[PDB]
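*Asks:* experimental structure below, sequence on top.
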Amino acid sequence: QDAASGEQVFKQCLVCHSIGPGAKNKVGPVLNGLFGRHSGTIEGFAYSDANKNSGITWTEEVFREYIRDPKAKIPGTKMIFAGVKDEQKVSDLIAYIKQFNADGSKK
Ligand code: HEC
């Protein structure tokens, strides 16, 4: 779906997470270069065992399921959020993010 739209839905994400350039960790790990990266991999982030010992590897398909309801895919994770149980939204989320990658740029 669409990114311009998806930027809106990340608003409820930015509260704890960063993206783009000069993105530094916060209550949660920066979401730069998310797709492909290994779960609990970004450094300077005190991941939970649950997150980092999962072996997830964040592909669009598992994020799609995660975001829907976190506690169910990484049961016991530190991310206390009742997901994006909203299908239009999730798709645009996965458009905006995918757009940054690694150091916050376009690809
Ligand atoms: C504050 C309450 C948060 C909101 C709102 C969102 N996220 Fe989050 N996220 C938060 C924490 C504390 C953590 C760490 C979990 C742990 O157990 O260590 C996370 C983690 C993620 C991850 C995992 C990343 C990795 O490198 O493994 C992802 C993919 C993620 N968060 C995505 C995400 C998105 C897209 C959100 C908007 C809908 C979102 N989170 C909300 C804190 C918070």
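*Replies:* Yep, it's here. Residues are numbered from 1 along each chain as shown.
*Asks:* residue 90 and the ligand, how far apart?
*Replies:* 8 Å (Cβ to the nearest ligand atom, to the nearest Å). For every residue, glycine as well, the C-beta is placed using N, CA and C.
*Asks:* ok, residue 69 next?
*Replies:* 12 Å.
*Asks:* the helices in this protein, which residues?
*Replies:* For the chain, the helices defined by DSSP state H occupy 3-9, 11-14, 49-52, 60-68, 70-73, 87-96.
*Asks:* contacts for the fourth one?
*Replies:* Put plainly, it is helix 60-68. Helix 60-68 is contacted from outside by 34-35, 56, 58, 73-74, 83-85, 90, 93-94, 98, using Cβ atoms under 8 Å, 6 or more residues apart in numbering.
*Asks:* and those residues, which are buried?
*Replies:* 34-35, 56, 58, 73-74, 83-84, 90, 93-94, 98 (16 or more other Cβ atoms under 10 Å).
*Asks:* show me which residues of this structure sit near the ligand.
*Replies:* 12-13, 15-17, 27-29, 34, 39-42, 47-48, 50-51, 58, 63, 67, 77-81, 84, 93 (Cβ under 6 Å from any ligand atom).
*Asks:* out of those, which end up buried?
*Replies:* For those, a neighbour count by 16+ other Cβ under 10 Å gives the buried set as 13, 17, 28-29, 34, 39-40, 42, 47, 50-51, 58, 63, 67, 77-79, 84, 93.
*Asks:* contacts only, for the spatially most central residue of the chain.
*Replies:* Geometric centre of the chain, nearest residue: residue 31, 5.4 Å, by Cα atoms, centre = their mean. Contacts for residue 31 (Cβ under 8 Å, 6+ apart) come out as 13, 17-19, 23, 97, 100.
*Asks:* what is the burial count for the residue nearest to it when sequence neighbours are not counted?
*Replies:* Residue nearest to residue 31 in three dimensions, not counting chain neighbours: residue 19, with 4.8 Å by Cβ to Cβ, 6 or more residues apart in numbering. By the criterion of other Cβ atoms under 10 Å, residue 19 has 20 neighbours.
*Asks:* so residue 19 makes contact with residue 32?
*Replies:* Yes. Using Cβ atoms under 8 Å, residue 19 is in contact with residue 32, at 5.8 Å.
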